[PDB]
């Protein structure tokens, strides 16, 4: 059983959050990627914020899988028409470090991003940029990734919400018995996105893992991701 709550990141979350890549706290929020003194986000950057304590995903001698829930708010600071690349919530082995930037969201490497058998990561992505390098929706989208940058299921993410300049609330749940991952993205306006898909953690990740949030950028400099709050709870 694991749980934590960050109403904000004003306190010294140093002894509770592992910062990878560019990740760090900025004025009570988590800023995954670096910006210059002029507030302009740097190109090809990546960062991740992983919770220190590990999570018992499942048991082998019991085959019993754990359930978990996470909720976090984020703001997309967009100053252009081509924001990239987005952010993602994810689970990975405790020693997993930041990977490639750009379309890989700091989760995979260029060489194996499309090879599930060569990865150990499950994530829900909020993709603000359609990439031609591999198969994916031609529109902004939300998706569930199982050991691959190519989502197993996606949902269209409206630009009116992406460029809304409003605080979004992401909720992700997983029922260990049913083996179902669900994501709900909500905007203060009146729009909710719902995406669910069956996924068995036992065949995609080790018994013990860490949870975190990742973000990255490519050539454009029109986007900076900020996480305002974050809580999580898990039960075997």
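Numbering follows the first chain given and starts at 1.
The PDB entry reports B-factors from which the mean C-alpha value can be compared for 134 to 142 and 68 to 76; the larger average falls on 134 to 142. Averaged over CA atoms, B-factors in the entry run higher in 12 to 20 than in the other of 12 to 20 and 211 to 219.
Comparing the listed residues 100, 159, 125, 85, the entry records the largest Cα B-factor for 159.
Sort the modelled residues of the chain by CA B factor and residue 177 lands in the middle third. Sorting the modelled residues of the chain by their CA temperature factor places residue 41 in the highest third.
In the deposited entry, the Cα temperature factor of residue 171 places it in the lowest third of its chain's modelled residues. For residue 202, the recorded CA temperature factor ranks within the highest third of the chain's modelled residues. Annotation for residue 31: CA B-factor lies in the lowest third of the chain's modelled residues.
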